[PDB]
(Lines of atoms letter the chains of each structure in order from A and count residues from 1; the text may use other names and numbers.)
(Lines give C-alpha, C1' and ligand atoms only; values in the text may rest on other atoms or scores of the structure.)
Protein backbone atom coordinates (compact mmCIF):
# COMPACT_ATOMS: atom_id res chain seq x y z
CA UNK A 1 0.00 0.00 0.00
CA UNK A 2 1.05 3.62 -0.49
CA UNK A 3 2.50 4.71 2.87
CA UNK A 4 3.67 8.17 1.84
CA UNK A 5 1.16 10.84 2.94
CA UNK A 6 -0.38 13.52 0.77
CA UNK A 7 -2.09 15.73 3.32
CA UNK A 8 -1.70 18.94 1.30
CA UNK A 9 -3.32 17.32 -1.76
CA UNK A 10 -6.61 19.10 -2.68
CA UNK A 11 -8.18 15.75 -3.69
CA UNK A 12 -7.29 14.29 -0.29
CA UNK A 13 -8.72 17.36 1.46
CA UNK A 14 -11.82 17.15 -0.76
CA UNK A 15 -12.34 13.48 0.16
CA UNK A 16 -12.40 14.41 3.86
CA UNK A 17 -14.58 17.49 3.35
CA UNK A 18 -17.09 15.17 1.64
CA UNK A 19 -17.04 12.83 4.64
CA UNK A 20 -17.20 15.76 7.07
CA UNK A 21 -20.24 17.28 5.33
CA UNK A 22 -21.84 13.80 5.39
CA UNK A 23 -21.46 13.59 9.18
CA UNK A 24 -22.52 17.23 9.61
CA UNK A 25 -26.18 16.25 10.01
CA UNK A 26 -27.64 19.74 10.61
CA UNK A 27 -25.33 21.47 8.14
CA UNK A 28 -23.86 23.91 10.67
CA UNK A 29 -20.22 23.16 9.74
CA UNK A 30 -19.50 21.21 12.91
CA UNK A 31 -19.57 17.57 13.89
CA UNK A 32 -19.71 16.01 17.35
CA UNK A 33 -18.69 12.62 18.73
CA UNK A 34 -22.19 12.48 20.26
CA UNK A 35 -24.05 12.52 16.94
CA UNK A 36 -21.53 10.20 15.24
CA UNK A 37 -21.61 7.43 17.90
CA UNK A 38 -25.41 7.75 18.17
CA UNK A 39 -25.47 7.17 14.36
CA UNK A 40 -23.19 4.14 14.75
CA UNK A 41 -25.14 2.50 17.56
CA UNK A 42 -28.72 3.74 17.68
CA UNK A 43 -29.16 3.68 13.94
CA UNK A 44 -26.68 1.54 11.97
CA UNK A 45 -26.37 -1.29 14.52
CA UNK A 46 -30.10 -1.18 15.30
CA UNK A 47 -31.09 -1.67 11.62
CA UNK A 48 -28.42 -4.34 11.05
CA UNK A 49 -29.82 -6.16 14.08
CA UNK A 50 -26.37 -6.43 15.68
CA UNK A 51 -26.22 -8.17 19.11
CA UNK A 52 -25.59 -5.92 22.14
CA UNK A 53 -21.96 -7.16 22.21
CA UNK A 54 -21.57 -6.54 18.46
CA UNK A 55 -23.01 -3.04 18.90
CA UNK A 56 -20.63 -2.24 21.77
CA UNK A 57 -17.60 -3.56 19.81
CA UNK A 58 -18.61 -1.41 16.83
CA UNK A 59 -19.20 1.51 19.21
CA UNK A 60 -15.75 1.33 20.81
CA UNK A 61 -14.14 1.22 17.33
CA UNK A 62 -16.03 4.35 16.19
CA UNK A 63 -15.06 6.09 19.47
CA UNK A 64 -11.37 5.17 19.07
CA UNK A 65 -11.30 6.37 15.43
CA UNK A 66 -12.87 9.79 16.07
CA UNK A 67 -11.04 10.29 19.37
CA UNK A 68 -7.97 9.66 17.21
CA UNK A 69 -8.97 12.86 15.35
CA UNK A 70 -9.05 14.82 18.62
CA UNK A 71 -12.82 14.55 19.07
CA UNK A 72 -14.68 14.15 22.39
CA UNK A 73 -18.23 13.96 23.63
CA UNK A 74 -19.81 17.36 24.26
CA UNK A 75 -17.52 19.27 21.92
CA UNK A 76 -18.22 20.54 18.40
CA UNK A 77 -15.41 20.45 15.87
CA UNK A 78 -15.07 22.39 12.61
CA UNK A 79 -13.50 21.00 9.42
CA UNK A 80 -9.91 22.42 9.55
CA UNK A 81 -9.42 21.20 13.13
CA UNK A 82 -10.96 17.81 12.28
CA UNK A 83 -8.67 17.64 9.26
CA UNK A 84 -5.56 18.16 11.35
CA UNK A 85 -6.92 15.57 13.78
CA UNK A 86 -7.32 13.23 10.81
CA UNK A 87 -3.69 13.84 9.77
CA UNK A 88 -2.73 12.74 13.32
CA UNK A 89 -4.92 9.62 13.12
CA UNK A 90 -3.47 8.86 9.68
CA UNK A 91 0.15 8.95 10.88
CA UNK A 92 -0.69 6.93 13.99
CA UNK A 93 -2.36 4.29 11.76
CA UNK A 94 0.52 4.22 9.29
CA UNK A 95 3.05 3.79 12.12
CA UNK A 96 0.96 0.86 13.41
CA UNK A 97 0.91 -0.62 9.86
CA UNK A 98 4.71 -0.19 9.66
CA UNK A 99 5.05 -2.12 12.94
CA UNK A 100 2.70 -4.94 11.86
CA UNK A 101 0.25 -3.83 14.55
CA UNK A 102 -3.55 -3.90 13.89
CA UNK A 103 -4.87 -0.49 12.84
CA UNK A 104 -8.03 1.14 14.13
CA UNK A 105 -9.47 0.82 10.67
CA UNK A 106 -8.69 -2.95 10.72
CA UNK A 107 -10.38 -3.23 14.10
CA UNK A 108 -13.48 -1.35 12.90
CA UNK A 109 -13.64 -3.65 9.85
CA UNK A 110 -13.45 -6.68 12.20
CA UNK A 111 -16.40 -5.23 14.13
CA UNK A 112 -18.39 -4.71 10.88
CA UNK A 113 -17.54 -8.21 9.67
CA UNK A 114 -18.60 -9.68 13.00
CA UNK A 115 -22.15 -8.31 12.53
CA UNK A 116 -22.42 -10.15 9.18
CA UNK A 117 -20.09 -13.14 9.47
CA UNK A 118 -14.11 -14.58 7.06
CA UNK A 119 -15.83 -12.49 4.37
CA UNK A 120 -18.82 -10.32 3.57
CA UNK A 121 -21.17 -10.47 0.60
CA UNK A 122 -22.23 -7.76 -1.85
CA UNK A 123 -25.71 -7.73 -0.28
CA UNK A 124 -24.21 -7.35 3.19
CA UNK A 125 -21.98 -4.45 2.06
CA UNK A 126 -25.00 -2.88 0.29
CA UNK A 127 -26.85 -3.03 3.61
CA UNK A 128 -24.06 -1.19 5.51
CA UNK A 129 -23.67 1.29 2.62
CA UNK A 130 -27.36 2.20 2.53
CA UNK A 131 -27.93 2.06 6.31
CA UNK A 132 -24.81 4.12 7.19
CA UNK A 133 -25.62 6.42 4.26
CA UNK A 134 -21.99 6.46 3.11
CA UNK A 135 -23.01 4.75 -0.15
CA UNK A 136 -26.81 4.52 -0.67
CA UNK A 137 -26.31 3.77 -4.38
CA UNK A 138 -26.52 0.04 -5.15
CA UNK A 139 -24.35 0.70 -8.27
CA UNK A 140 -21.68 2.37 -6.13
CA UNK A 141 -21.69 -0.54 -3.71
CA UNK A 142 -21.40 -2.73 -6.80
CA UNK A 143 -18.47 -0.57 -7.95
CA UNK A 144 -16.70 -1.21 -4.59
CA UNK A 145 -16.89 -4.90 -5.29
CA UNK A 146 -15.75 -4.51 -8.90
CA UNK A 147 -12.84 -2.42 -7.59
CA UNK A 148 -11.63 -4.74 -4.82
CA UNK A 149 -9.96 -8.13 -5.21
CA UNK A 150 -12.69 -10.62 -4.25
CA UNK A 151 -12.51 -14.33 -3.37
CA UNK A 152 -13.77 -16.97 -5.80
CA UNK A 153 -17.31 -16.61 -4.35
CA UNK A 154 -17.37 -12.90 -5.22
CA UNK A 155 -17.12 -11.96 -1.53
CA UNK A 156 -14.89 -9.41 0.20
CA UNK A 157 -12.35 -10.40 2.90
CA UNK A 158 -11.29 -8.14 5.79
CA UNK A 159 -7.65 -7.67 4.75
CA UNK A 160 -8.60 -6.46 1.31
CA UNK A 161 -11.21 -4.09 2.78
CA UNK A 162 -8.54 -2.85 5.24
CA UNK A 163 -5.76 -2.17 2.72
CA UNK A 164 -8.18 -0.42 0.36
CA UNK A 165 -9.46 1.86 3.13
CA UNK A 166 -5.97 2.57 4.50
CA UNK A 167 -5.08 3.80 0.98
CA UNK A 168 -8.42 5.63 0.55
CA UNK A 169 -8.53 7.54 3.86
CA UNK A 170 -4.87 7.89 4.76
CA UNK A 171 -2.50 8.10 1.78
CA UNK A 172 -4.55 8.90 -1.35
CA UNK A 173 -3.23 5.64 -2.84
CA UNK A 174 -4.04 5.58 -6.60
CA UNK A 175 -4.92 1.90 -6.20
CA UNK A 176 -7.65 3.00 -3.76
CA UNK A 177 -9.23 5.65 -6.07
CA UNK A 178 -12.70 4.50 -7.19
CA UNK A 179 -13.32 2.47 -3.98
CA UNK A 180 -16.81 3.96 -3.52
CA UNK A 181 -17.65 4.47 -7.20
CA UNK A 182 -19.22 7.92 -7.46
CA UNK A 183 -20.35 7.82 -3.81
CA UNK A 184 -17.19 9.36 -2.33
CA UNK A 185 -14.57 11.26 -4.38
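Residue numbers count along the first chain shown, from 1.
- According to the entry, the deposited sequence places 4 to 9 unmodelled residues between residue 117 and residue 118.
- Averaged over their C-alpha atoms, the temperature factors of 43-51 and 61-69 are higher for 43-51.
- Two stretches are in play, 17-25 and 160-168, and the higher mean C-alpha B-factor belongs to 17-25.
- Going by the entry's values, 74 shows the largest Cα B-factor out of 74, 109, 102, 85.
- Per the deposited record, the Cα B-factor of residue 147 falls in the middle third when ranked against the other modelled residues of its chain.
- Residue 179: CA B factor lies in the lowest third for its chain, per the PDB record.
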